[PDB]
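What follows is a single structure, written as C-alpha cells, with notes after it.
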Amino acid sequence: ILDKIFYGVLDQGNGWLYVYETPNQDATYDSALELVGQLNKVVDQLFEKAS
Amino acid sequence: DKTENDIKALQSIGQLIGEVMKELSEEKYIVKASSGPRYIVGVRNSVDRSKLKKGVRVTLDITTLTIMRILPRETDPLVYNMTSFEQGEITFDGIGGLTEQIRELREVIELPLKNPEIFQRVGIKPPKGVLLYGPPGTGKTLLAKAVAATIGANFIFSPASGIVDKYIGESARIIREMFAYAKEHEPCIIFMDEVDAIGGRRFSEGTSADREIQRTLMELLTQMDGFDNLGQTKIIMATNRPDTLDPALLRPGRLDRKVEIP
Amino acid sequence: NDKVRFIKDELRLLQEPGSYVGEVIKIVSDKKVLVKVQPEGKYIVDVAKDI
Amino acid sequence: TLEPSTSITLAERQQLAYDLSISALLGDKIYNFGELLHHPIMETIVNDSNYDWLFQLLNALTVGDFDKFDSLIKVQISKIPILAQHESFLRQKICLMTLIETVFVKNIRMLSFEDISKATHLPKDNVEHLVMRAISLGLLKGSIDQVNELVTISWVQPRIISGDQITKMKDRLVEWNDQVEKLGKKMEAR
Amino acid sequence: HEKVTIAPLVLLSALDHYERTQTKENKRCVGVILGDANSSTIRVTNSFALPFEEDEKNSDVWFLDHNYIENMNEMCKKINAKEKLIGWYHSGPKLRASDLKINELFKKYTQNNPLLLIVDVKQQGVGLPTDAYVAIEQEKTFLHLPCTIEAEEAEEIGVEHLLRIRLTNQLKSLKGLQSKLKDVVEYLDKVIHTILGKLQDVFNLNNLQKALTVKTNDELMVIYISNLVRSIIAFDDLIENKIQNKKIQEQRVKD
Amino acid sequence: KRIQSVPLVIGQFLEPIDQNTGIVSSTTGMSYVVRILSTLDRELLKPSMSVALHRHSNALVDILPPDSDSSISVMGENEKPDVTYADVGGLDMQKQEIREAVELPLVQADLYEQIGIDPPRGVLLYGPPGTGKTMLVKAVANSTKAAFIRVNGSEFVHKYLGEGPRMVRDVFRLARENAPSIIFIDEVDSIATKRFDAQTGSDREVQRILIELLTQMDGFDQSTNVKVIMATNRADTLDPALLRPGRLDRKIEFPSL
Amino acid sequence: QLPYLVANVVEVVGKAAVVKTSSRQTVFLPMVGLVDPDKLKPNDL
Amino acid sequence: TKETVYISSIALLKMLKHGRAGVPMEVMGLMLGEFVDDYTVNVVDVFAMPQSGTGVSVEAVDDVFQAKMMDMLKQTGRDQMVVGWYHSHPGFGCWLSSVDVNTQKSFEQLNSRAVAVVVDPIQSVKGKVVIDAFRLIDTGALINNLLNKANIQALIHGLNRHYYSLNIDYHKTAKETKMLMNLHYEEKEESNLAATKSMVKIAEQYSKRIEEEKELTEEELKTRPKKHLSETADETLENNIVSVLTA
Amino acid sequence: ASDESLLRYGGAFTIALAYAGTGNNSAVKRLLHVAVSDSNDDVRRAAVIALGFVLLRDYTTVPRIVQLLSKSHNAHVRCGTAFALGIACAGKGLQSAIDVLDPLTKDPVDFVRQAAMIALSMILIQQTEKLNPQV
C-alpha cells in the first residue's frame, strides 16, 4: 500500500480489505502541471516589459 | 465482342508502381516511383491502411501522384539475374561413381533440411555454406543440380557478374531479392558460379572496378553475420581455384564446410 | 490591411519555377555572359542590368 | 406469396388456414394474437374448421386459465404436446406487451419486479426462472440487476398494432416537438 | 449494395435543360443517367435529356422513345467507355401516378433495375434538391436513397473557381416533428413503431449533453485555463504597443 | 494552404542566402533558388535541413525530420539488436578494451568533459569480424539501450554524382537527434582506402562522400553521446583525416594470442 | 502504329501483373483476362 | 471590337473532364453556343471528339460524329452552332500545339469569330487551373478597333495573323448558385455528426495545445517570435470557442 | 434589387445625383455602406465616386471620409477616392486634397496613377508656381 503496489487500503475496525483506487483521478495531472509552469513564465516576462 | 473489349481496356488504364522508402505519417510518405525521383505523397480513394507497412510496393496515380491502392510486394521471378529451376534436371543416384562427392553433399545438405529437429536438440547450429572447389569440368555442375533434385529444393543459379549492375543500389536489390525468395521458397540451393567477381581479393590491392566487387561481397558477409541464419537456405560457392577467394570467406563462419573433388 | 497585402505579395512569390545556379565562365564586353549552369548544359545568356 | 397472385384451390386454402391455426397456438416468438389481427387467419381465405380458436386464444391468454386452454380448441389438440413447453413462452408474451404500452407514456426501461409478477400471475420463484429464459431470447439487453429489484433492461422491441401505437405516438410527438422548440427559441432570441 | 455518387454536371444539366426546353409546371422533364453501377458504389458519371411528352386526355398517358436511347449510349461509349444506361431522370412535378409507370418501360433497356433520380432542378426547394429513389413497385413504393456528390479531381478545382449553425439544424428538427404530428393525426383519421420510440424517452433527459455535462465540466475548466493564458499573452503584446507609442512621443519631445 | 500541398518533390536546403530566400538542391539534379515562408524563416530555420518542395510552386512547403532517402537501398535500424553477449569467456582483453571506449560516453558524456580528456568519438576496430568482435559491438549497443544503426559502408558505393553524399548527411544528423546511437560502418576500407602512393585510383566518386563524412563526424560529438565504430575485414590503412586525434582516437586490437 | 512504346520484360482482389518497360519503370496492369496471359513472356518486346 | 469569353459552369467543367481524360497525346473537340458580339460571347456547352491516331489536327474532327452529335443534341434542346473548338495539348503561351493553330486557320476561312481554347492538366495540378484561349488576328477589325497603334498596324499589314490572348470569365445563373450550397443535406447532418465525434477525440487534441503552449512561452523567453505567439493565441481561442459549442 | 453588377453599379450614381449639392447623412450612410459591404470591384469604385457629388458644397469633409479609403485595400477603391476629391475639391485648391492625392500618383497599379493625375489637375487649375511651391 505505502508505495502503492496495492489498489486499496486496510479499513481497520472492520478488518476488511477495500479498494481506494477507483482508477486515477490525476490522469491529466501532468498536462495541468506543465500548463501552470507556462502561465508563471508568461507572468514574469510581461512584468519585465511593463516597467 | 472481344476486339470491342480491347478499346474498352484501352480506356481502363494502368498506373505506375513504386515502393515505400519509409512512412513519415499517415498523411506524408516518401515513395520512390520507378520512373526515378523521390516524392512526398499523401493518400487517395480506394486504399486499405492495414496492408500499409514500410517496404511494400504501392500503386500511384499518373496525374495526382498519391496512393490510390496498395499492392503486395513482389520478388519478380527472373531468368536474367537469377535463373530459377525448381528441382535439378539430372539425378543424384544416376551419377553415382562420383560417389565420394555425392555422400559429403548429402550429409551437409539433406539431413538438416528434412530434419532441423536433430541439429536443434544438440545446440550447435545447422551448417552454413559449402564450397565446391576443384574442376568445374569434371561434373561439378551436374552434382549441384543433382542435390537439388532429391530434396525438391528450389535451385537458384546465379551469374556472379549479373549481380554487376552500374546503377545505384540495383546491385543491393538483387542480393536482397535472392535471399527473401530463398526464405519463402525454402528449402533452396543458392549456387554461385565462379566466385572471384563477387568475392575477389583485389586485383593488385588497387581498384578499377574491384570496389564493385567489395560492395557485393560485404552484402553476403552481412547476411551471414546477421540475425538471419542459414539452415533452410543453403548457399554453395563454386570456383576452379581457392586462390581468388577472399580471406573473409576462407575464415570459418562464412564458409565452414569445404568439399574438395578428389 | 497590411497583413492581407503582405499575404498577396507572398502569394505572387510562391508562384515561381525557381532560379538556376550557374558559374560565370567569362563575361563578353557586348553584354553576353557564358555560363555553365549546374541544372543544365552550357548556355549563352544576357547580362543583367540590375548588376 | 400465394394470395395476391391467385391461382388458388379450395383444397390448398383449407390446408393453409387450418395449418396456420394449429401452428400459431403450437409456437410463437413475437406475440400470440396481435399479429393475427394484421395477419389473415380467416379474412376470406376460408372460414371453415372452427377459426373460433383464434379468438378463444386471446381470451385464454389474458385470463391464463387451464380450463380455458382445454375449451380453447378441444382437449387433446389444445395440449399438443406443444403447449407443455409453450405456456411459459406464451405467458411472458402477454405480460411483456401489456406492460410495454401501459407503464410510462415515454416507454422507459424501468419495471418493478413486483408488477411483472402481479400481472403475469405466477409465484415468486417461477417468475425468476421465466425471466431468466426471457433475457436469453433477446429483444432485450442493457443488463437487468437481479439485486436492487430493478428490471432496468433497454427499450428496443417492436410495438403491436396500428391502434394504441397511434394514441401513444400523438402523446410522444407533442412532447418531442415541444422539447426541440424550447432549445430553438432560446437560441433564436440571443 | 448501394451508396450513390452524383456528378455536379448532373444537377447543373438538369437545371439548364428544364428552362431551355421551355418546360412549365404541369409538364415533366424525364432523363437518363449512365456510368458504372455493377459495384457497391453507384457512380453517376454522365446523363442526358430524353424526349418526353404527355397528352391532354389524361396526363399519365405519355410518350417516351427507346431509339434515342438505342444509339445515344453507343455515342456515350465512344468518348468514355463505361457510361452505359442503368436508369433515369426526373425534374418534377414530382411523385405523380405515372412517375411509377416509367419504371416498367425503363425496365425495357436497363441492365439492373431503373435507378430513379428525381431532383428539384429548378433549385426552388429548401435543403436537398435530390429526391433519389430505387424504382421498386409493389405502387410508388419508393424507398429513398441518401447521397449526392463525389466528383473528379479536375472538376472540384474548377468548381471552386466558379464560386470565387446549431439553430439551423434545430429549426429543421422542429419542422420534422411538427410535420410528423400532423401526419399522425391525418393517418388516424384516414385509417378510421420503434423509430418514433427512439426519436421521446432517449432525448427527454443540449438535452443529451446534460448527462455528459459531468464529464465535460472537468475538461471545461482545463480548456478555460488555456484561454486565460492567451488573455495574459494579449496583455503582454499590448504593453509593447504602449511603449512604441511612448518612444515616439519621447523622441518628438527631444526634438 | 491548399496551393502548397501533395504531391510534392523532396529536396534539401543547402543554406540561406538572405531574407525570405534560400538555396535548395532537389534530389533529381535540378537546383532551385526558392522562397522560404516568413513563419519558417525564423525559429525553425536551420542552415541545412531536409524539405518538402512543390513541383510548380518553387516554394518551401514543409521542413522534414532528416531521413530523406536515396536510390541506394535504405540502411538498417535495429532497436535492441539480437546478438547480446553470446560469445564470452577468454575474450578478456577485447571485452575490457570495448567497455571503457564505447559504453561510458553514451551513458555519461559529462564525466569525460569534466576530467577534460577527449571522449572517444570514433573508434577503429581491427582483427576479424563474425568470430567474437561483432558480437560485442551489438551487445554494447543493446546494453547502453541505444539504437543500433547498421550502415552499409561498401554501399556508397553508388555510381552517381554525390545520391550517396546526401545520405551520409541525413544519417549523422539523424544520429544526434536520436541519440544515444551507434553508426556502425561496415567496411570503411571501401570508401577510404585510396591514394597513399598514387595507387588505388578510380575512387574519385568516394572522395566527396569522404569529405562529407569528416565534416559531420568532427563537427559533432563534442561531448559524445553518439559513437561511430569503424570496421575492417582485417586492417586497411585510411586516408590521414580519419586517423588523426579528434576522430578515431581509440584503435582497438583483437589479440593474435 | 510506331512511334509506339515497347516494353522489354524479363519477368516470367484479382491478379496483378508487373511490366518492365525499357524506360526502366515498373507499371500495374491486371491479368484478369482483360490483358491476356499469352501477351507475357520474358525477353521479349 | 474583339471577344470576351463567358464559359458556363457545365461548359468549363466539360472542358476539364474531356481534356484530362484525353491527355497530351490529345483528344479534340467542339464548343457550342452563340452570342451577339461586341461584349457578349457565350460558350454553353461543349462536346468531345473520339481519339484519332494522328494527334489533334483538322483530320481529327470526325464530321459524321459531329453531325450525329449535333442532331441528337438538337432533339434535347442543347444543340447550337460552333463558336470555336477546344482541346488538350502540351501547353504553350504562343500556342498549345502547332496542330491547334493549323486546325484553327482552316476554320478561320469559314468563320471570322471562332476561338481556340485549351486547358493543360500538367499545370492544372498546382491547385489553380492553367487555361488559355487564343485566336489569330483579323484584318479590318482589330485595327479599326482596339500617335495611334503603330505597332499593331505594322503587325497586321505584315503577318495578317498572329496569336493574341482572350480573357477568361464565367457566367452562371442564380439557380445553380443557390443549390450548390446545400450539398457543399450532407453538410448539415454531417455537421451534427462531426460535433459529436470531435468531443470523442478531444482527449488528444487537449494534450497537443498543452504542448504548443509550452513551446510558445519558452520561445518568448529566448527572444528577450512575438508575432507567432499572437497568431498562436488567436488559434487556441478559436479552438475553445469550438470545444464549448460542441457541448 | 436587380442582381446584375451593371445595375448595382448604376444604383450608386443615382444617390450621388439625386442628393447632390448640400449633403445628407442618410445618403452618405448608404453609399459608404455599399462601399464597405459589397466586394464587387465596379460597385466599390462607383460608391466612392458617388460621395464627391453629395459633398460638393461641404468639400472640406471629403479628405477625412476618404482618408481611410485611400490607404485601403483593392485598387478600384483607391481609384474611387481619387475621383471623389477630384470632383468635390475642384476649383477650391484645398491643401488637404492634395496631400491625400500624392502617394496615389506613383502607385504600382496603372489606372490608379492615371486617375490621381486627372484629379490633382482639376483642384489646381489656374494655380501657379510661387502660390504653391508643389506644382
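Using the numbering of Swiss-Prot, the residues shown for chain F are 87-343, in order.
Backbone N, Cα and C atoms are what each Cβ position is placed from, and that goes for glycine too.
Annotated features, as they stand in Swiss-Prot:
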type     : residues                                                       : note
BINDING  : F:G213, F:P214, F:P215, F:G216, F:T217, F:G218, F:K219, F:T220 : ATP binding site
CROSSLNK : F:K280                                                         : ubiquitin cross-link
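Structure with Swiss-Prot features highlighted.
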residue	record	Cβ contacts under 8 Å, 6 or more apart
F:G213	ATP binding site	F:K219, F:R320, F:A321, F:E339, F:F340, F:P341
F:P214	ATP binding site	F:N319, F:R320, F:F340
F:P215	ATP binding site	F:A317, F:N319
F:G216	ATP binding site	none
F:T217	ATP binding site	none
F:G218	ATP binding site	F:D173, F:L177, F:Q180, F:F340
F:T220	ATP binding site	F:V169
F:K280	ubiquitin cross-link	F:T286, F:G287, F:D289, F:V292, F:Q293, F:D325
Other same-chain residues whose Cβ falls within 8 Å of the Cβ centroid of F:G213, F:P214, F:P215, F:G216, F:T217, F:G218, F:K219, F:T220, the recorded ATP site, in sequence order: F:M221, F:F340
Number of Cβ atoms other than its own within 10 Å, given for F:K219 (ATP binding site): 20
Where F:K219 (ATP binding site) falls in three-state DSSP terms: helix
Interface-proximal binding-site residues, chain B, C-beta separation under 8 A, candidates F:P214, F:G216, F:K219, F:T220: F:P214, F:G216, F:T220
